[PDB]
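Respectively, the protein sequence lines represent chains B, W and L.
Under full-length UniProt numbering, the letters of the first sequence match residues 754 to 1371, 1382 to 1514, in that order.
Under full-length UniProt numbering, the letters of the second sequence match residues 23 to 569, 574 to 664, in that order.
Under full-length UniProt numbering, the letters of the third sequence match residues 25 to 170, 179 to 233, 249 to 313, in that order.
C-beta: ideal position from N, C-alpha, C; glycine also.
The structure under discussion appears below in the form of structure tokens.
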Amino acid sequence: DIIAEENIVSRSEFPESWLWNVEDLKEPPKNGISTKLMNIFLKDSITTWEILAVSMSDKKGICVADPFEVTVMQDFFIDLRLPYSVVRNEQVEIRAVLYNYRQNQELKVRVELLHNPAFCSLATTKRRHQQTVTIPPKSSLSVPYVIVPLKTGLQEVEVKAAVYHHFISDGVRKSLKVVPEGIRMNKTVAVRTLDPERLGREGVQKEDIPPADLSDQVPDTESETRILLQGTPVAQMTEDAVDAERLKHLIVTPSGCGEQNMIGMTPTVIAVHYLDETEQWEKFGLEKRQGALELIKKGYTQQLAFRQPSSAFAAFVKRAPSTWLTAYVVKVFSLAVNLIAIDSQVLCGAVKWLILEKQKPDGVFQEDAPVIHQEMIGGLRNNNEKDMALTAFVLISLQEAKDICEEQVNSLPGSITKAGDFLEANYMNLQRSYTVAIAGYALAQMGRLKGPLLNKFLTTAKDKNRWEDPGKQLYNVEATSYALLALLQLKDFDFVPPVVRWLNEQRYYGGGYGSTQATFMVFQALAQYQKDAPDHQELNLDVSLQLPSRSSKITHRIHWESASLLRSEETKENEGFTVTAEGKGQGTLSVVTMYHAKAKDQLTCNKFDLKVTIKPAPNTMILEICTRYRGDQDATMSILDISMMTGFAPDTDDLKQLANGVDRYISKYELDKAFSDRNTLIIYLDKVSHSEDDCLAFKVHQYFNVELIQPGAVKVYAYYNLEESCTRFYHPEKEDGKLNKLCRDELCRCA
Amino acid sequence: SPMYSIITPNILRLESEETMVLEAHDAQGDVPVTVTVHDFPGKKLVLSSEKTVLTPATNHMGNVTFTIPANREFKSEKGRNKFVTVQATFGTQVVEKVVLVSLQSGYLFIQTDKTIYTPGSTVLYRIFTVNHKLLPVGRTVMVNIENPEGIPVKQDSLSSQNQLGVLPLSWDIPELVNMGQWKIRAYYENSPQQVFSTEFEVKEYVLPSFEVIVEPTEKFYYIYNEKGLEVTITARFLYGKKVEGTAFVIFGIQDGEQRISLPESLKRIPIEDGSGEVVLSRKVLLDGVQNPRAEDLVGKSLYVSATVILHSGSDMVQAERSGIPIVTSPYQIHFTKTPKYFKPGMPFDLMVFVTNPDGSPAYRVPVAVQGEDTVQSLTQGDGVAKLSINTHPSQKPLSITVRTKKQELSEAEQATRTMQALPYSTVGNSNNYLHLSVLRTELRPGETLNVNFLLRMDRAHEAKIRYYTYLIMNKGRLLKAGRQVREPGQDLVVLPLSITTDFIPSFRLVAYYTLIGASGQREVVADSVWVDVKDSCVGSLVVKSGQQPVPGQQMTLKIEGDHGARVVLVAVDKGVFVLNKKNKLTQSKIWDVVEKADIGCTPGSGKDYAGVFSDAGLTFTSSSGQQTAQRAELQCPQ
Amino acid sequence: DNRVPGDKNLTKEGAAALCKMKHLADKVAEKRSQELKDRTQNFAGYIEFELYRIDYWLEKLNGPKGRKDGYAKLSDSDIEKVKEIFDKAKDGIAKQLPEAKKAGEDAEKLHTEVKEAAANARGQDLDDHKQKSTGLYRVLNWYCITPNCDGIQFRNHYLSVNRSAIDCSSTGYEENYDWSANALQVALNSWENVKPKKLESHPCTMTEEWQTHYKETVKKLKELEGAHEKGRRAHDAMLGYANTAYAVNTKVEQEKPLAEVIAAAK
């Protein structure tokens, strides 16, 4: 009158999460809402599932539904409290908890543990480990099972139960993660640094990572080696820009004659350009840009009034055109191209007039109508090499207007080349620092500045920071700005920092009289420095790994935009491999290895000491337990869990005596339980001495006789660190308490 | 002379249908309007162009919608922001404003099927891609799985255009991983500056068979309560039935990150019928901190740690109830929802917010203003009570103190708070003011809200105001705009504003008028009111049984929600949440993210008309030079 | 290409000379030839530009607004004399165009010739023990295997499994910018003077096969430089007339008297 073992299907599906499914509602709406019906199959776990539904609609957006709870339930069932993992050869005890929630019915239950070759236990292929128990209504019972794992990897433990005189049965098959007899450990194989330009040779650096020692690695254990190609971006020093508030006075309305209009408009144009390049508008006030642009447009319109018929310019229409004035206007407009809508026709006509009419056959430009306001031309105010300075100025203007008027003026490149040749033919004979700097910038604009030209240009620098020349310091500032522009053109960034530092230290923020050329040039140079100066050390590392386990050369690339990314590689092998790095940059190659190392000390039962023993009483036995705490102080509060061997139960009177003790407390639940079926017991200890063995003992005697007696178990631990417990086993015959097994060569055979 | 003006949010988001409203006060006949958006300061690329006409049929008011493409020029080159010059051409007149641009153009919500994982198990997670309106959006997002040490283990890039905003993903945890709080980080490829993340713990565990609930009797400790803190331990199996066992309870004092454990408080109690009671006597609490003084404990939070062990000894569960504040007053008063600026000579409305020490809104707690205790108000379900107080035309800071006036508490226990309200500056000292007011009920969609427009201003010009313009801002966009008519001699008018689900979670209504006042100057008077709408799904989604189940039984699950929507499900054993219940996805968090991403962070008017718009998040520009001060910070001050 | 017995070990001077050879050859291959070709063709560019300018000035003299645009001040006799001088200048400039064009055309092919020759002479610097190097690179890399060379610093390349390639940067040769034909010729002479002699049939030495290309490069480069000189010479002739043409235009635009105008040209 009992369900046969073979006929009991076993619950085996215990996923912690499931129903990871996507559903689209498509049924005809009712009252604006559509309903979908799902036929889900509930898993085997007896718990309260929580179902969370998230929906996305193209119109109603996201929505998260109130979680729905489904409570799977059953009148009678067993719950296996398997540990997360067990050691390959350490005897362990697992508890199968039988629940009987029938309101008023007592159940006689046959519960057995099925045999698995992977585990050594009382169960064998010839005889099963059966056991008959009784469960009071609305109560629970725990049957302990002693097993010894024998194989690594996941192993399944199956328990089956049946009820006499009822067609009720249940069976659970959970899985244990048996692990080798060791402790996970990590070791740093090597921590190198990659720097091909400094630590490599011929632009390449080769690194060899020796295989990890792993002398302590447990045999047949999985190991992992992790490689991290961490880039290390390095910031580059950058000089501070000019404070926006200093430029407040530069913005001025243009007015006056054709010459004065330039004087008025140029500071505004250069200030606007500087603010745009440095993006200082936030502090300056975003609104003021519109007024500044309106002023620039007004100045441009006023200047166009003086445009002579030949496309040239002069202080007055009747006055003959001035080469320098035309070149300066071309320069300013070229700066204003990306600010206001200038008529390319005017600029190109001026350029064409300069090229055709005001250039000597040899390439020298000539000025015939000196500017009315001699203070305007700045450093050209006093000149000895006037030809060269004027040619360089005109050539700078032409180079700036090239990209605008190259297609409209076919002769421009020839003029530029002729001017460059003339400059090269005489660059060595220059004396003034101003002329040298301006001509150097002109040449660098076309790449002709090289060799002795560059040598002379750099040599002329005073103190390696300024192209000073005795006289009005505005001319020196202008020359220094020209030289800085030339250097930025050459990309010689190792010389710029001192020059920009000197310029900033001059603390020049523009001005009025005799300050047009200096202001324009210095601010243009500073804007160019901010635009082009590198803020970061170049980082373009190209790296590769040659792993024997890998069939191909793995590689990675790191750029400044991706330097922060921690590129990494994973390897499931221990072997020597070579890492090759190339290109500029820096990176901290790091290699670590993880593995299971053989135990160094007592891997378990370190905090507590247990001394369980059992002896015949003067069938009945006297169980004696002694405990101690390995530490500097007494344990705060300890749980002393006891699992009786099959057929033995504690004596009621002794428990009552212990419960009536001073430092020990036993729940009324246990004392009220009948003598039989009290196979599991808990004694709560207020404290356990660390300097002495605290002992307790009580009678245990047979209420039932069996062929084989499963060893009992005792577990001790503080109330807060169950993971730090200590356990022991006792058995009347097998004094050691361990099941018989033969561990030949660290592989154990059940017996 | 006509006054053309444009109102637009002070922060524009890349690739989003930002709305702009144009108006022509005192204009005659139709006026064509052209809107163009240019890069700043380049003014070289026309990111967008729009055109429309303002006609009397629309009261010379009309909106224009444009979306700025996410051009690659927009980058954090050196951490500096970016701007666009909104430019509107009203026939010949041109009105332009420089408006900040924010790259982050949406939210990413990450759902992990479980809150805790074991090594070797698969992490199943989803990423939801939604624009700033919480609608599904198709964009490229890349996600990184981050080791607790910060090493990105896995890196992916995906495009959601093929799905309705949900991106399923998976990853297998290697057996050798390190334990701790692993992190998932994801962001749109177009905005690396903002990274959304969610944490999932990796730990070795076995699901517990029951849940332990530690519930203090009063969710706070009154420092003078000699009865001591009483805590009820409730334990029940996950399948609904009650637990029997023994529980260990220990109390401790927490101050900031530091924790102190009171060893003398450790008590062992029997759990019978699934519940048990334990008490932390005041003497123990005082002596545990060396008994400096009773007041010294105020502000420090207790925490209760409970461990429950079944009589069978087969299982054990640990639960904590942190953050039990020690307070001298059962309530806290917050002014976070009140306007900090008041209109002199007109009623001032305080939306005083009073909450329990744990932060939950208090209910039906009377509040009052010192010196005017004759008038009292009771909190609504949301814990907000409205108090009205007259003000004198003094142009001086106003100091206000409110006191809870519950009958059952002694005077010393009553909570109190103080704040200062600065005068609303009026242009040209014309003492012209506008004041909005709403009846603060538990507002929910489907209701009609009567917004009152109260106007105070000199009688010499009363007839010139014949309509109030109002705007409704929600989720950082102009949900709606319109005009409310007024007649001469009508000092108060009511706007029957109807509320749809769009207004969730809160909408900041802004209103204003304009006139040619003293000396012919163009006066603009504006006011703002912040209204809270009860949080809930803008749509709906309900999961219910379509028919207790036994294991392996087939069950009919009914899902009902918005038609055509994509529903993604997940089932989690409740045992998981016993180990770690943090980082769960819930509708409240979605609204929390949206609220914290709002562009205006003030509940009401500012110091002047410019402040009113700037605080509400709107820019206002006019032909007559009326403007709001520039905004240069994505995160608003403090 | 292959080693042979020699007269003595390679002294440091020999290594310096070889590195000088290689450096000059590489520079000729990269920059000098291109510079020469460009500057040669620029003469043909400039001569045509001056023709265009002459035509433009003549059009200003006679055309839609000859009597209005500045030149109007000129009388008919002044017009005639200006026409005479401009026409003489035009004939003079035109007389030189074909020479410059021919020189540029010659330089066009000479550039390819020299480029190929110099590039072949330099070599590729390949990993010899897998892929043989070439030219002076082959010589430098394969010469001093390891007691045949005392007093040298070798490259530390990781690809130097069994190679002792000379590190030229260590030779300390000056970075002079003279890259004329003589520059190659002089250095070549230096190598021959210091070059250890090949033993008739002991220290080893490298064959002189590379000299085939290098010596040729000098020949062609000399021709290329000669063409540049030919064009440059033509360029000089034009300036004599061109300056006269420019001067007269400058004076008239200043409204200066004819006597100055005629005097300025002369």
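- Query: Do you know how far the Cα of B:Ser765 is from the Cα of W:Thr470?
  - Reply: Each residue's alpha carbon lies about 57 Å from the other.
- Burial state of W:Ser213 (16 or more Cβ within 10 Å): buried
- Query: Applying a beta-carbon distance threshold of less than 9 Å, which residues of chain B neighbour W:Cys559?
  - Reply: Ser808, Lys813, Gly814, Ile815, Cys816, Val817 and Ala818
- Message: When you compare the CB positions of B:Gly1340 and B:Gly924, do they come within less than 7 Å of one another, or not?
- Response: no
- Query: Using a Cβ-Cβ distance under 7 Å, would W:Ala341 count as near chain B?
  - Reply: no
- Query: What are the complete alpha helix (DSSP H) segments, minimum 4 residues, inside the stretch 295-370 of chain W?
  - Reply: Secondary structure remark: continuous alpha helix (DSSP H) runs of at least 4 residues inside the stretch 295-370 of chain W, in chain order: 304-310.
- Task: List the residues of chain L whose Cβ lies closer than 7 Å to the Cβ of B:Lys1171, in chain order.
- Result: For B:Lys1171, the residues of chain L that pass the 7 Å Cβ criterion are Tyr70, in the order they occur in the chain.
- Query: To which residues does DSSP link W:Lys73 through a beta bridge?
  - Reply: W:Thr56
- beta strand (DSSP E) segment containing W:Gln280, residue limits: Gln280 to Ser283
- Task: Just the chain L side, please: which residues come within less than 7 Å of B:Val957 by C-beta, in chain order?
- Result: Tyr190
- Item | Selection from L:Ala49, L:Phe67 and L:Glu132 that minimises the alpha carbon distance to L:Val218 | L:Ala49
- Message: Considering Cα atoms alone, identify which of L:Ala306, L:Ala197 and L:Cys251 is closest to L:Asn33.
- Response: L:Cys251
- Okay, do the stretch 580-593 of chain W and the stretch 601-620 of chain W touch, 3+ Cβ pairs below 8 Å being the bar? Taking 8 Å as the limit for Cβ pairs, the verdict is that the stretch 601-620 of chain W does not touch the stretch 580-593 of chain W.
- Item | Local Cβ density within 10 Å of W:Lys622, reported as buried at 16 or more and exposed below that | exposed
- Message: Just to confirm the assignment, what range does the alpha helix (DSSP H) spanning L:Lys269 have?
- Response: Its alpha helix (DSSP H) spans residues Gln258 to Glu300.
- Could you tell me if L:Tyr209 is buried or exposed, where buried requires 16 or more neighbouring beta carbons within 10 angstroms of its beta carbon? exposed
- Query: The beta strand (DSSP E) with L:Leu75 in it runs from where to where?
  - Reply: L:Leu75 -> not in any beta strand (DSSP E); alpha helix (DSSP H) instead, spanning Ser57 to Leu85.
- Message: Can you tell me whether B:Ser1315 is buried or exposed? The criterion is at least 16 other CB atoms within 10 Å of its CB, across all chains shown.
- Response: exposed
- So what does DSSP say about B:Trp773, is it helix, strand or coil? Assigned with DSSP and collapsed to three states, B:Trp773 falls in coil, not helix or strand.
- Which term fits W:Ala79, buried or exposed, when burial requires 16 or more other beta carbons within 10 angstroms of its beta carbon? exposed
- Which of helix, strand or coil DSSP assigns to B:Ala1514: coil
- In the structure shown, what three-state DSSP assignment does B:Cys1101 receive? helix
- Message: Can you find the residues in the same chain that come closer than 6 Å, C-beta to C-beta, to B:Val845, ignoring five residues on each side of it along the sequence?
- Response: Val839
- Task: Taking only beta-carbon positions, decide if W:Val602 is within less than 7 Å of chain B.
- Result: Judged by the 7 Å Cβ criterion, W:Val602 is in contact with chain B.
- Message: Spatial neighbours of B:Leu1176 within its chain, please: C-beta separation below 8 Å, excluding the five flanking residues on both sides.
- Response: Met1141, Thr1144, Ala1145, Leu1148, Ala1192, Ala1195, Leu1196 and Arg1201
- Item | Alpha-carbon to alpha-carbon, B:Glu960 and B:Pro836 | Taking the straight line from one Cα to the other gives about 45 Å.
- Item | Whether W:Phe259 touches W:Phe232 by CB criterion (7 Å) | yes
- Query: Could you give the residue range of the alpha helix (DSSP H) that holds W:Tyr635?
  - Reply: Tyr635 to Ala642
- Task: Tell me whether W:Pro510 is buried or exposed, calling it buried when 16 or more other Cβ atoms sit within 10 Å of its Cβ.
- Result: exposed
- Message: I need the straight-line Cα distance from L:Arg195 to L:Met253, nearest angstrom please.
- Response: 14 Å
- Item | Same chain, Cβ closer than 8 Å to W:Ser323, neighbours up to 5 away in sequence not counted | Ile275, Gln276, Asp277, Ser344, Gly345, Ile346, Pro347 and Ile348
- Query: Tell me the DSSP bridge mates of W:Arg657?
  - Reply: Beta-bridge pairing links W:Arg657 to no other residue.
- Task: Could you say which of W:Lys486, W:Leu493, W:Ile255 and W:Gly128 lies nearest to W:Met83 if we only look at CA atoms?
- Result: Proximity to W:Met83 across W:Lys486, W:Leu493, W:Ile255 and W:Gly128 peaks at W:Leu493, based on C-alpha coordinates.
- Item | Cβ-based contacts, 7 Å cut-off: residues of the stretch 87-112 of chain L near chain B | none
- Query: Under 7 Å between the Cβ atoms of W:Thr41 and W:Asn85?
  - Reply: yes
- Give every residue of the same chain whose Cβ lies closer than 7 Å to the Cβ of B:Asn1163, excluding the five residues on either side of it in the sequence, and list them in chain order. none
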